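Presented as structure tokens, the chain that follows is alone, the form deposited in one PDB entry.
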């Protein structure tokens, strides 16, 4: 049984060994990274079903990121299995500043009047909270009376009741009892702070990642196609045209502009952390189902992200709600499910990947009956689309163990994946960029091979590689799909039904 739903795991110190010490142990950080020991731990995550690692450039400098990418490349060799490399941008983050007097935090009561500063490069005081705004932008003219400033995963609400021109301060009322600590995330929902389409820091971070070697970029807080297009231009300028871009939908602007964002991007990450603060809490499931439906209809990749197994950061078992959440993301139609803190800085990273894999596997068993995606509704605008629809029908009518496609660019594999056939998809391709680039498509098992010389060669290759991989045995029926010749599926395509000898 192959896991069809792909897992993105975020990496961090949780899997990393430093001087024989594990994360949280006394004097962990006083020790150099043990690359081999760390690489062996990361390999266990690959074996447990991680299909792509997320390097979150919100935390850690370039040397820390570059070192973690080098450790994953060693982990691939150890696992004898390849994974995708995904860079997640910092983007236009607002954080609380450091306090004067090195205070760590203060407690506030409902009804207190305090201020939020807009001046940059300054410290907070108990009564005047300063912001670290991405690119040191001045936000005073961008936030209107009646707006909400939310601190620390949306837990503490501050209502803007007046603005002070003299100090460029928001006069706010504490809406609920709570704590403001230093370096915590801040959200100001329903505003249009003019963060640039691509900030210098993100530009630098992307260029560094492209230099190291990546497959994917998840662009934080995408509001318009322009946020995607400015990243696409750098990928193209640097000869990294292979890189796929996932727009993170994290706020009302991104939801409002979803259609143009899907058009410009290679897929969507449903960033439920910022989204669950930026829109009403009970709307998140509506937006989750709507986004999965539209990305699937576009033949693109959707990643369902954030707090999926949150309790497993601290505890060895998920909650019943967390199991339901992961399971329903699969039934919704998600290509991939993501771990963030659970794999990056929790006590149980391998157990979190194992629990996600188990839920994802149990849920794929119910897609034929309960799946919310509806491939019958899709218009077939090309022969490769009508062939993918045919592959689906053949897997519904016959007991088909496996679909095998030979694909130069991944195009046939993506279209077959779009239709969600009740079969695994072995995608044979001829370069490592296309191979790693398919690792987040539903059901796709990418495998590197030599390009075939003829057509009849191609059907033999397809059956031999499937047999060598242990996906099929003598007497199993497979569906083989290729362009004729390979790479030309837009002009001429073929589907064969083959009994394995």
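Only the largest set of C-alpha atoms that superpose within 1.5 Å between the two forms is called the rigid core. Residue numbers count along the first chain shown, from 1.
The form deposited in another entry exists for this protein as well; it is not shown, and the discussion that follows is about that form.
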query: Did residue 163 shift 2 Å or more between the shown form and the other one, C-alpha, core superposed; finding: yes
query: Displaced residue check between the shown form and the other one: residue 319, CA, 2 Å or over, core reference; finding: no
query: CA-CA separation of residue 485 and residue 433, closer or farther in the other form than in the form shown [shift of 3 angstroms or more]; finding: farther
query: Closer or farther in the other form, the Cα atoms of residue 486 and residue 6, when the shift from this form is 3 Å or more; finding: farther
